[PDB]
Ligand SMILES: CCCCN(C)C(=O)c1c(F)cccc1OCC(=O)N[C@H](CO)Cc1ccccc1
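Shown below, as structure tokens, is a lone chain in the form solved without this ligand; questions about how it binds or moves come after it.
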């Protein structure tokens, strides 16, 4: 069937949409070519709609069924709990889209009589009505990028706040613990960036002759079929579940996840969906399970040998035992055909990679640098173009989510996050006298509130003290960063070094936590290095819930 059907009504915005970067005195010091920076708007929605709309092809074989049963057996060990309204509400982000039933984010978290009473009625309804298609709103997502030698906005389909709270009640526990139980070490969201690298590097070394590749599925969400979603429900159903939760999953599956009507911001019937919705609680879990299933089965059809998968939603990377250049290329092609039959055709054709640093998964790649002692140290990085374009935009305008803070946390050891983002933002935060202020950001889709002053500890716990001393990066990483700077018009190292030394001095004079950031974060900038000993606060940090599972589109907030 058709991934989508359209009525003609347009996907409309719900206010004014900024497309260009504001000429700002502060954004200009970070990036000079402001015209290369842009944000998607509903004005490009038509272009997107045509790309995600198509008839899906699907043929299932014995390999698929086999892997499916393997997966179900493991799911069979699971015991999901079911959250009470109270907890599900606690999980709602303070700034999440309001409900059309008289209440909003704040009321939900505050457990207002009106919000809880409505939520209750939606839950009862999910228990009584097993059919009626649940209404969703479709919107053009606004995201920032740098022009290329432009991207049309992405679309998001999400149900009402009321319905979202119920999804949590019935599936929060499931989507937080079933992926790991079913896929084990292949589930990428259980790893912190450093743990992801270690898993990738060790996996790579465990091969006599390693061969690896990333697989890009062309619009993965639209390739998800009604069948894949029921197969996915079948996996969830192997769990021990409270009666009400079992019915909630059954009804939410037929009424929401397999598809339903599309309404715009004006309240107009836009069309219908018969593929994955991007703004539902099961999206990450669902996509990860389905990609792993098709991929694993695809590997068997292709005869790839000793495959180790690493899956994060629709993002996939496979590392296996080489069989030779020609044989690897043939196997890879066979893999792609198997995936195509399973309704997961490629966007970018896949290519075998014999160099670990050249494999990009989760928009990132593993690379290597050196610590003070001089020992090689592997770490996660990525092309900084987008991270930087967005740092510029968030500098010029107020945004709910600060990706820059999220990028500093996840890529702390990188040459670009240290030299550019830390310097730029600590300089700016000192000025505005807002170093104490907590900011929201996302990690694997879950929303968190973090104090910039804590970055030193956070970085030590997740990356180790070496994140403050890495130097001598790879020639490949250096060219990528440098050619990035030229493109966006970012000041060179010298300028940044001067700024960092000036910010570092200012941070050291304040003492307390600010001096902590001064000493650690900017030690790369001075010549007279300061001995960097373990930060006490790093040994008393609970950062486990940070890397448990994916939540993108889940409307998840970790208090």
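By rigid core we mean the largest C-alpha set that fits within 1.5 Å across both forms. Positions refer to the first chain, counted from 1.
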| item | value |
| --- | --- |
| Outlying stretch relative to shown form, 11 to 19 versus 542 to 550 in 5 other deposited structures of this protein, C-alpha RMS (core) | 542 to 550 |
| More shifted region, core-based fit in 5 other deposited structures of this protein, 470 to 478 vs 212 to 220 by CA | 470 to 478 |
| Missing from the model but present in the deposited sequence, between residue 149 and residue 150 | 4 to 9 |
| Stretch with the higher entry mean CA B-factor, where the candidates are 491 to 499 and 24 to 32 | 24 to 32 |
| Residue stretch of maximal mean CA temperature factor, 518 to 526 vs 63 to 71 | 518 to 526 |
| Given 427, 287, 214, 381, the residue at which the Cα B factor reaches its maximum | 427 |
| Out of 281, 438, 238, 248, highest CA B-factor residue | 438 |
| B-factor third for the C-alpha atom of residue 203 within its chain | middle |
| Ranked C-alpha temperature factor of residue 355 among modelled chain residues, by third | middle |
| Among modelled residues of the same chain, the CA temperature factor third for residue 179 | lowest |
| Third of chain Cα B-factors occupied by residue 508 | highest |
| Among modelled residues of the same chain, the CA temperature factor third for residue 474 | middle |
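Omitted from view is the form solved in complex with this ligand, to which the following refers.
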| item | value |
| --- | --- |
| Open or blocked: this ligand superposed from its pose in the deposited bound form, cut-off 2.4 Å to backbone or C-beta | blocked |
| Proximity to this ligand in the deposited bound form (heavy atom, within 4.5 Å), stretch among 326 to 334, 177 to 185, 362 to 370, 108 to 116 | 362 to 370 |
| Heavy atom within 4.5 Å of this ligand in the deposited bound form - residue from 464, 452, 193, 260 | 193 |
| In the deposited bound form, the residue from 302, 88, 231, 380 that sits within 4.5 Å of this ligand by heavy atoms | 380 |
| Non-hydrogen atom contact residue 410 with this ligand in the deposited bound form at 4.5 angstroms | yes |
| is_contact(residue 448, this ligand) in the deposited bound form, heavy atom dist at most 4.5 Å | yes |
| Contact label in the deposited bound form: residue 312 to this ligand, heavy atom within 4.5 Å | yes |
| Contact label in the deposited bound form: residue 342 to this ligand, heavy atom within 4.5 Å | no |
